[PDB]
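In: fold the following and give me the result.
(chains A, B and C)
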Amino acid sequence: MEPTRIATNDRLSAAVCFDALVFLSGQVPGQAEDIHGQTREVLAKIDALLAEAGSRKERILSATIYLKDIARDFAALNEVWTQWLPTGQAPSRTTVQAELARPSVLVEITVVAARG
Amino acid sequence: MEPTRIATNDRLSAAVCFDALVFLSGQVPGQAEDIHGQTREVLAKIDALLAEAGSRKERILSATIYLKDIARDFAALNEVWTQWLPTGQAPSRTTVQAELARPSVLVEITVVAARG
Amino acid sequence: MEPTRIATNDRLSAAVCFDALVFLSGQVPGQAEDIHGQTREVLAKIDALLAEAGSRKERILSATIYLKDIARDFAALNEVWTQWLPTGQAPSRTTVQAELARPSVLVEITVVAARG
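Out: Residues are numbered from 1 along each chain as shown, chains lettered A, B, ... in the order given. See below for the structure:
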């Protein structure tokens, strides 16, 4: 087996697929400025990438959720997250505080999923 | 193949199993307040989840260890960790500083393991 | 299937291999003191470990890149990273800020790869 790549540039591929596994690059928000909208936009991008990479939201295996300010933003994160997930099909997850590459980014999520 | 889930709520599943792989949610301490006891309790929970998910401590593949204060607590973390691991069967690991969802949490560990 | 281990000590194995997957411990620099040289040395070590673990740079699936100061050092990190990667074969990646176990460490990278 060979890895296949999705949306490759000279730093990263949005997705790498290998042996029924899908490895997504950490996804960042669009132009939203607030935690609620940024979380929605991050999840929208993951939704799209899963489709391109041959998976779907129901097949997420793990998610690391990085919050620039975990004390300030965890509740809002959980609100959008819990509403976006398919019912009863939540993945394994870890949420931790970390500054992201751009100061405006409040949230970034890194997903591994099962090809479907 | 379909992913199977263990102890699912509307945010996360404690474990997700797919194709001989086990993805655990980041595990946090019980009611211990000190680094030594918190690390022991985190490892106890991982021990339990591996059992439920069809793996065991000898079959851990990777561990990300998050410490709220890596300078202050790394030595104690290593002490409990090295004693808990089955001899000669340490997994791949990465230990980094990150604040966790609750301020009382000094340590959180995210494990991927092989089904056995 | 059984996991096999590479360069095991009582805290971690440099690599764990299981079912065509390679899990590397987070790699830290040698004695370089600057971000550019530290990033080069981290990538050199990963290069070596991939060889020992039966993979290669072209087969990296995911990389988490930890920077002690993401604002200060991301540009230099990207410079060395983009030059080291095999052309058109970048993996999935996530770059976040986190303090590492030693204060001198500016960068640490955790890789999962496909056995080849």
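In: all helices of chain A, in order?
Out: With helices called from DSSP state H, chain A shows them at A:35-52, A:70-84.
In: residues touching residue A:109, list them.
Out: Listed by CB atoms under 8 Å, 6 or more residues apart in numbering or on different chains, the contact set of residue A:109 reads A:26-27, A:42-43, A:46, A:63-66. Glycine gets a C-beta too; all of them are placed from N, C-alpha and C.
In: for it, give its distance to residue B:54.
Out: From residue A:109 over to residue B:54 the distance is 27 Å, taken as CB to CB, to the nearest Å.
In: before we move on, what about residue A:28?
Out: In this view, residue A:28 and residue B:54 are 35 Å apart by CB to CB.
In: compare the two (neighbour count), which wins?
Out: Shown here are residue A:28 and residue B:54; by other CB atoms under 10 Å in any protein chain shown, residue A:28 has more neighbours (20 against 17).
In: right, and the more buried one touches residue A:108 too?
Out: Yes. Counting by CB atoms under 8 Å, residue A:28 touches residue A:108, with 5.2 Å between them.
In: any common contacting residues for those two?
Out: Listed contacts common to residue A:28 and residue A:108 are A:42, A:100; contacts here mean CB under 8 Å, 6+ apart.
In: on that earlier part again, nearest to chain C, of the contacts of residue A:109?
Out: Of all the contacts of residue A:109, the one with the least separation from chain C (CB to the nearest CB) is residue A:26, at 3.3 Å.
In: how about the residues of chain A near chain C?
Out: Counting by CB under 8 Å from any CB of the partner chain, chain A comes close to chain C at A:1, A:3, A:5, A:8-16, A:18-19, A:21, A:23-26, A:64, A:66, A:98-101, A:103, A:108, A:110, A:112.
In: which ones among those are found in strands?
Out: Within those, residues falling in strands by DSSP state E are A:5, A:8, A:13-16, A:18, A:21, A:23-24, A:64, A:66, A:108, A:110, A:112.
In: of those, keep whichever come out buried.
Out: A:5, A:13-16, A:18, A:21, A:23-24, A:64, A:66, A:108, A:110, A:112 (16 or more other CB atoms under 10 Å in any protein chain shown).
In: just put the residues you listed in JSON lines and tack on distance to residue C:78.
Out: Compiled in JSON lines, these are given as follows (distance: CB to CB, whole Å):
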{"residue": "A:5", "distance to residue C:78": "18"}
{"residue": "A:13", "distance to residue C:78": "15"}
{"residue": "A:14", "distance to residue C:78": "16"}
{"residue": "A:15", "distance to residue C:78": "20"}
{"residue": "A:16", "distance to residue C:78": "18"}
{"residue": "A:18", "distance to residue C:78": "24"}
{"residue": "A:21", "distance to residue C:78": "26"}
{"residue": "A:23", "distance to residue C:78": "19"}
{"residue": "A:24", "distance to residue C:78": "19"}
{"residue": "A:64", "distance to residue C:78": "21"}
{"residue": "A:66", "distance to residue C:78": "18"}
{"residue": "A:108", "distance to residue C:78": "16"}
{"residue": "A:110", "distance to residue C:78": "18"}
{"residue": "A:112", "distance to residue C:78": "23"}
